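Have a look below at one chain only, the form deposited in one PDB entry, in structure tokens format.
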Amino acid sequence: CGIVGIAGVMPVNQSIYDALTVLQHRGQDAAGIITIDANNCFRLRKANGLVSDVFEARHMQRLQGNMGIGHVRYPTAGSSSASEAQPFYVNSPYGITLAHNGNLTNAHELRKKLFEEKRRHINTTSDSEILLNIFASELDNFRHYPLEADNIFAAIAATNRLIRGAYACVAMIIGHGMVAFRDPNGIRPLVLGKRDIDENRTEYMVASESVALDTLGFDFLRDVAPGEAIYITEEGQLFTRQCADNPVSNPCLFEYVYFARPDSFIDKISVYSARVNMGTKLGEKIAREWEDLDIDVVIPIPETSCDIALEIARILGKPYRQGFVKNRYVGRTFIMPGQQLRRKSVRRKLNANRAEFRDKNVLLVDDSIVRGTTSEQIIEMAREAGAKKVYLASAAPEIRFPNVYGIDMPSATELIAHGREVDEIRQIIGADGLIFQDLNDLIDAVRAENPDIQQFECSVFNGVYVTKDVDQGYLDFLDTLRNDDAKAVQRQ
């Protein structure tokens, strides 16, 4: 999911629309934009679909104001109903709207809490709504008008104590300003930037990824430190504060492997370089373990793996060819909701340039293998076009565990690598060879960019969840609810 916050001095609507467009790749299921207008009212527009379908001129005109927040959704909890599209809103205290990229591992627990203790009403099954509500009640502890930044920070500190999981949030509190914060583990991405308008008036903005800053002409300030909350007043005064007891930098690794745009710099790590470094480490592993292999061409599975593949072609000193033509009107299958929708998407998204495979042993390279969805079809395609032999290198290690921090992997059994050896997976997808990046490698691939990061968040790879609290019983519940069939039945 992508969230954007802009506490500016001019109409932010097109700028947010534009921001969500570059972040569109983080959520294609719905999009929402909420602004505050001159009459301190919230102007909202959210619905299922792409940013380009969701907002029409008619909406844009209604979306007035100079401060606003937006969100593109990739459903990881609840349902695919437009009622779970973000932002969310609570009319008190003050009027708060919030966008969240993450996932609360203790949502059910906080739910009992909210009704019985806090007296708030959660109408959807979205954990982001819960989040906004935990925040809301915490904030509801400071009655004297007005809320002080210390109070806001104090509320988020309290929230940090209650909630568990991963979250990059952005919110607006009417008559107050824009608030943004990052979980105590720095799991989900969030960067702060600014655009100095004129000598004395500076606009600020937070976003999941820096590309949004770039595309809008905002300067990079830095990443919102883990556990740190930011607070920009309606008057333009920036406030900051560590709101976690033991803040630590454990960035999501999948963000580098696949999620983020290559042109973003997450925690001082150019996703682009990390991905190139991934190409280096993987091509090195291939050279070392597949040194006998006869390869005629190195073909990337668009779009994510390309540079990774490009680097691998260079390392192996083999040619890099765009054997697969991507349909520019089909999105990312992986972040699509249903497996059948994704499974089919793969055949409508890619088509071989037959000449590139005929009488050729090709090495197909992809950023990662998750459900197996892509690799399965891709290889057949490669074959049908005359590939003599097809090997597959994965820029990411086998993915054997559920993601509970903002990526839809609730069912381990849905992952192809689950309970399977590399060789079995190879046999399933029908590749002559299949090789996986080594975790320790991938880690250096990323770390090389910022050694300060000691440990990443890579549960989907090693099952060690940083927030600690994630256990087998939770994972069980989670699968019972979010497995593909349970989801389908919910889709009626």
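Residue numbers here begin at 1 and follow the sequence given. Only residues modelled in both forms are compared. The term rigid core refers to the most C-alpha atoms you can superpose between the two forms while keeping them within 1.5 Å.
Only in words, not in the display: the form deposited in another entry, which the text now covers.
Which of the listed residues (331, 236, 302, 95) moves its Cα by 2 Å or more between this form and the one not shown when the core is kept in place? Just 331.
Core-aligned CA displacement of residue 403 at least 2 Å between this form and the one not shown: Residue 403 C-alpha, core-superposed: shift of less than 2 Å.
Taking the rigid core as the reference frame, tell me whether residue 346 has a CA displacement of 2 angstroms or more between this form and the one not shown. The answer is yes, as the C-alpha of residue 346 shifts between this form and the one not shown by 2 Å or more after core alignment.
After fitting the rigid core, is the C-alpha of residue 287 off by 2 Å or more between this form and the one not shown? No, shifts by less than 2 Å.
Kindly indicate if, in that other deposited form, the C-alpha atoms of residue 365 and residue 334 are closer or farther apart than in the structure shown, bearing in mind the change is 3 Å or more. Farther: residue 365 and residue 334 separate by 3 Å or more in that other deposited form.
At a change of 3 Å or more, would you call the C-alpha separation of residue 412 and residue 83 in that other deposited form closer or farther than in the form supplied? Pair moves closer in that other deposited form.
Counting only residues modelled in both forms, where do runs of 3+ with a CA shift of at least 2 Å appear between this form and the one not shown, relative to the core? CA shift runs, sequence order: 79 to 84, 329 to 347, 479 to 492.
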